[PDB]
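What follows is a single chain, given as structure tokens, in the form solved without the ligand.
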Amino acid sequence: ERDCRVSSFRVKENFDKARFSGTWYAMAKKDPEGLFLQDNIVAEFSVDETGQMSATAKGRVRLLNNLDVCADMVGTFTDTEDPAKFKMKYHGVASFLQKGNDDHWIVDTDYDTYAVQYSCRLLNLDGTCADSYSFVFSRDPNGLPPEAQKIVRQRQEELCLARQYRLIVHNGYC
């Protein structure tokens, strides 16, 4: 019926890095295989004079099986032909924490209220994503307003992930 091919997913038109800078609170997440960031996830986006966007994040992470710890992560984005699609090289301040390079797409955002992020780490042979993750961010840690909430639900469905998210709590644990 619907199209779940990654190549069919729309992303933010004319994405503006500058307007996207600042603090974003993760309110919900769709986990990929071997999930890392558990909860209390807060991201800080910045952009430098060269126009390169980067980010840092803090929150509870799954160190080992049933073993969690608060950690600081770092991300650097490399542009692609699409202003909303990036390559994100990431690592923790601790060399032993998870690191790698994932696609990082800004599916949608209004810059001052909500943001929907998406990443397909591995494609299925039919174009759909085999292993994906997605973060719904809010400028306000208390949650998104109803109008933004409804738009996000629509985006989550468009990514074929609407039934697969879990809420992210912010209780100062970290």
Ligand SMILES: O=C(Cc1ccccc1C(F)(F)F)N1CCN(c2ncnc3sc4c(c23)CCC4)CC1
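Note that residue numbering follows the sequence shown and begins at 1.
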| property | result |
| --- | --- |
| Greater mean Cα temperature factor according to the PDB record, 100-108 or 87-95 | 87-95 |
| Between 29-37 and 128-136 (mean CA B-factor, as deposited), the higher | 29-37 |
| From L144, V116, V42, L63, residue of greatest CA B-factor | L63 |
| Ranked C-alpha temperature factor of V69 among modelled chain residues, by third | highest |
| Cα B factor band for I168 (lowest, middle or highest third within the chain) | middle |
| Chain-wide C-alpha B factor ranking for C120, given as lowest, middle or highest third | lowest |
| Ranked C-alpha temperature factor of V6 among modelled chain residues, by third | lowest |
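Unshown form deposited with the ligand bound; subsequent notes refer to it.
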| property | result |
| --- | --- |
| Blocked or open, judged by overlaying the ligand from its pose in the deposited complex and testing 2.4 Å from backbone or C-beta atoms | blocked |
| Whether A84, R139 and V152 all lie within 4.5 angstroms of the ligand in the deposited complex by heavy atom | no |
| Answer option from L37, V107, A148, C129, heavy atom within 4.5 Å of the ligand in the deposited complex | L37 |
| Proximity of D79 to the ligand in the deposited complex, heavy atoms at 4.5 Å | no |
| Partner contact for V116 in the deposited complex: the ligand, 4.5 angstroms, heavy atom | no |
| Partner proximity in the deposited complex: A57 to the ligand, non-hydrogen atom cutoff 4.5 Å | yes |
| Close approach of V61 to the ligand in the deposited complex, 4.5 Å, heavy atom | yes |
